[PDB]
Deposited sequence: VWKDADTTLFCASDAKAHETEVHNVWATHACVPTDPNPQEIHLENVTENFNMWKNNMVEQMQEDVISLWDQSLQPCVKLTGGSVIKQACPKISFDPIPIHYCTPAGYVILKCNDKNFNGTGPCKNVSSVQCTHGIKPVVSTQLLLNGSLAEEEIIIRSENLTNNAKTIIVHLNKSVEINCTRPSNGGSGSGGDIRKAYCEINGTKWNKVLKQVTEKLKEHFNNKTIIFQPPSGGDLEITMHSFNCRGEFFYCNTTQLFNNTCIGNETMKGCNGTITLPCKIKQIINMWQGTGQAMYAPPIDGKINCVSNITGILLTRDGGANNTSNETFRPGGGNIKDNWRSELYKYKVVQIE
């Protein structure tokens, strides 16, 4: 017998104590080693309700990642409420590692194993676990990187699809590689990303067909974002400590929906902090080749309003709430207290 409850979670990881990489350092001091033989119990005849959009596990992960970045990735100047903070901004070793979230005694984590679970409502195939799977704390907008893939069909997630103000999370069932590079040898902030156009356009066509099922077979249209902060209008992410901002106009070009697509990118020092603490200037990029190859496993979308009297629905890449990134991985888990 159990009931829905929130409690203090702890973390587990396979971090190395001898690593200078910042995720390793944080996890060494903030997490315990992983269980080599974890137990999972599949529950029979058990129906449980989940709600990925109201899940305290997400708030707790957010607190961890904020703490990690605060101790690791420090900007040269910080612009809060008018209180300017100047500090050292050393270049670091940066590469996210999987973090597991675990319940203490008296509690357990229920896991939804339904193949086409959208994140809310009843789940039929439920199991109980001690810890989540390993989740990499990848901070990004527009595209979700290095995550897990949907097991069967592409999944559309939203707290309320009818509400255009609510962010849509697209969970891909097939990853697409994105290859981003700041070449060695001169604009030190000029970079680019390479993507297989045949792979991407095929996947995007499938996303269109899935969106049709949720929007009464209306015509599905992709468009680049219309105004807003750079973090939202561009695909922003962190590669080896450096903030990349990439133009994704070529990715959301309803025309193609086959060669190599090259997105123009820029390394930015002055950014709007995802933590929500204002503007900050980080250190200039390191020398040499800066490269990150990532799997696109999800897309963050925002639907246009004002289209109720037409046969079209328009979607633009979005983001800005990093909690949605954690939701995209934590959707199938909830904490319950054992009586």
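Peer 1: Please list, in sequence order, every stretch of the deposited sequence that lacks C-alpha coordinates.
Peer 2: No C-alpha for residues 186-191, 264-271.
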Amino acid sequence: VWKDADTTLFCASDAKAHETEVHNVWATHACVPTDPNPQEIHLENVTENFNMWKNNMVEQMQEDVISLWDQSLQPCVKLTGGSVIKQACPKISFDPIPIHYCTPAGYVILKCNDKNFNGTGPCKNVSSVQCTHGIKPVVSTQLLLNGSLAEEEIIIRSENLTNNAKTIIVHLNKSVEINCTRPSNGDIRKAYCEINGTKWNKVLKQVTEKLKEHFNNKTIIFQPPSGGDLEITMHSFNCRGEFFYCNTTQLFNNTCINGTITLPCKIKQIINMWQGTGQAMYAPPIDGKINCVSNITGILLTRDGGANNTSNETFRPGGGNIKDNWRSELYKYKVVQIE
From here on, numbers count along this sequence of modelled residues.
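Take the two forms, superpose them, and find the largest set of C-alpha atoms that agree within 1.5 Å; that set is the rigid core.
Peer 1: Do the Cα atoms of 187-195 or of 73-81 sit farther, on average, from the shown structure in 6 other deposited structures of this protein when the rigid core is superposed?
Peer 2: Farther on average in 6 other deposited structures of this protein: 73-81.
Peer 1: Between 277-285 and 49-57, which one strays more from this form in 6 other deposited structures of this protein if you match the rigid core and compare Cα atoms?
Peer 2: Between 277-285 and 49-57, greater C-alpha deviation in 6 other deposited structures of this protein belongs to 277-285.
Peer 1: Tell me which stretch, 28-36 or 296-304, has the higher mean Cα B-factor listed in the entry.
Peer 2: Of 28-36 and 296-304, the stretch with the higher C-alpha B-factor average is 28-36.
Peer 1: On average, are the C-alpha B-factors higher in 13-21 or in 324-332?
Peer 2: So the stretch with the higher mean C-alpha B-factor is 13-21.
Peer 1: Reading the B-factor column of the entry, which of 186, 147, 241, 134 has the highest value at its C-alpha atom?
Peer 2: So the option with the highest C-alpha B-factor is 186.
Peer 1: Please work out which residue in 115, 157, 214, 218 has the highest C-alpha B-factor recorded for this crystal structure.
Peer 2: Among 115, 157, 214, 218, the highest C-alpha B-factor in the entry belongs to 115.
Peer 1: Just say lowest, middle or highest third for the CA B-factor of residue 314 relative to the other modelled residues in its chain.
Peer 2: It falls in the bottom third of the chain.
Peer 1: By the record's CA B-factor, is residue 98 among the lowest, middle or highest third of residues in the chain?
Peer 2: Lowest third.
Peer 1: Based on the deposited C-alpha B factors for this chain, I'd like to know if residue 43 is in the lowest, middle or highest third.
Peer 2: As the PDB entry reports it, the C-alpha B-factor of residue 43 lands in the highest third of its chain.
Peer 1: Could you say whether, by C-alpha temperature factor, residue 237 belongs to the lowest, middle or highest third of its chain?
Peer 2: Ranked within chain, residue 237 CA B lands in the lowest tercile.
Peer 1: Within this chain, which third does the Cα B-factor at residue 49 fall in: lowest, middle or highest?
Peer 2: Ranked within chain, residue 49 CA B lands in the highest tercile.
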